[PDB]
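Working notes, structure below.
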Amino acid sequence: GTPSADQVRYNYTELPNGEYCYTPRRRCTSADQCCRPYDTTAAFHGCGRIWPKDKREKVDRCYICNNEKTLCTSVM
């Protein structure tokens, strides 16, 4: 029932640029690049900063949270 790291997981997919996807907590340019969540029905993708650490450098990074938006990938 409760949220878990499994909810903020990701799945390996193919991108239009020829690559697969950019790992989480990695500097990206477009959300589409950021690896999508393992369960699109229980999570979403996007490029930004969901932590104070990334805010310091001010650099958009791949992130993945659950549908409940209660749990998200680690900061490190």
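The chains in the structure tokens are called A, B, ... from first to last as shown; in each chain the residues are counted from 1, and the ligands are counted from 1 in the order shown.
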
Skip segment 6-19 of chain A itself and residues of its chain fewer than 4 positions away, then list as a ChimeraX atom specification all residues within 10 Å of it, counting only C-alpha atoms.
/A:2,23-24,32-40,42-45,63-74

Quick one: residues within 10 Å of residue 58 of chain A, only C-alpha atoms, excluding same-chain residues fewer than 4 positions away - as a ChimeraX atom specification?
/A:48-49,52-54

Please write the residues from the selection above to a file, keeping N, CA, C and O atoms, as a JSON list (two decimals), in the first residue's frame.
```
[["chain", "number", "residue", "atom", "x", "y", "z"],
["A", 48, "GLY", "N", 13.97, 18.10, -14.58],
["A", 48, "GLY", "CA", 13.99, 19.23, -13.68],
["A", 48, "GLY", "C", 14.81, 18.97, -12.43],
["A", 48, "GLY", "O", 15.72, 18.15, -12.44],
["A", 49, "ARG", "N", 14.47, 19.67, -11.35],
["A", 49, "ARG", "CA", 15.18, 19.51, -10.09],
["A", 49, "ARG", "C", 14.21, 19.30, -8.94],
["A", 49, "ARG", "O", 13.49, 20.22, -8.54],
["A", 52, "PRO", "N", 17.23, 19.88, -3.36],
["A", 52, "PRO", "CA", 17.97, 21.10, -3.05],
["A", 52, "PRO", "C", 19.39, 21.07, -3.60],
["A", 52, "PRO", "O", 19.97, 22.11, -3.91],
["A", 53, "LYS", "N", 19.95, 19.87, -3.71],
["A", 53, "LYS", "CA", 21.31, 19.70, -4.21],
["A", 53, "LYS", "C", 21.42, 20.21, -5.65],
["A", 53, "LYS", "O", 22.32, 20.99, -5.97],
["A", 54, "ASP", "N", 20.50, 19.77, -6.50],
["A", 54, "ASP", "CA", 20.49, 20.18, -7.90],
["A", 54, "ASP", "C", 20.21, 21.68, -8.02],
["A", 54, "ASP", "O", 20.65, 22.33, -8.97]]
```

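Here the DSSP assignment of strand (DSSP E), based on backbone atoms, applies within chain A to residues 43, 44, 45, 46, 47, 48, 61, 62, 63, 64, 65 and 66 of chain A.
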
Kindly save the residues from that selection, with C-alpha atoms included, as a short mmCIF file (atom, residue, chain, number, x, y, z; two decimals), in the first residue's frame.
```cif
data_model
loop_
_atom_site.label_atom_id
_atom_site.label_comp_id
_atom_site.auth_asym_id
_atom_site.auth_seq_id
_atom_site.Cartn_x
_atom_site.Cartn_y
_atom_site.Cartn_z
CA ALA A 43 4.33 7.30 -12.23
CA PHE A 44 5.49 9.98 -14.68
CA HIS A 45 8.66 11.36 -16.24
CA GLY A 46 10.19 14.81 -16.65
CA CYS A 47 13.36 16.90 -16.60
CA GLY A 48 13.99 19.23 -13.68
CA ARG A 61 18.14 16.60 -14.29
CA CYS A 62 16.09 13.49 -15.04
CA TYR A 63 13.60 12.71 -12.28
CA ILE A 64 10.86 10.14 -11.67
CA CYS A 65 8.07 10.23 -9.09
CA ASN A 66 5.02 8.10 -8.29
#
```

Just how far from atom CA of residue 4 of chain A is atom CA of residue 75 of chain A, in Å to one decimal?
15.3 Å

Let's see if you can do this: from backbone DSSP, list all helix (DSSP H, G or I) residues in chain A, as a list in words.
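Result set for chain A (helix (DSSP H, G or I)): residues 5, 6, 7, 8, 40, 41, 42, 52, 53, 54, 55, 56 and 57 of chain A.
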
By how many Å are atom CA of residue 22 of chain A and atom CA of residue 76 of chain A apart?
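So the answer is 15.5 Å.
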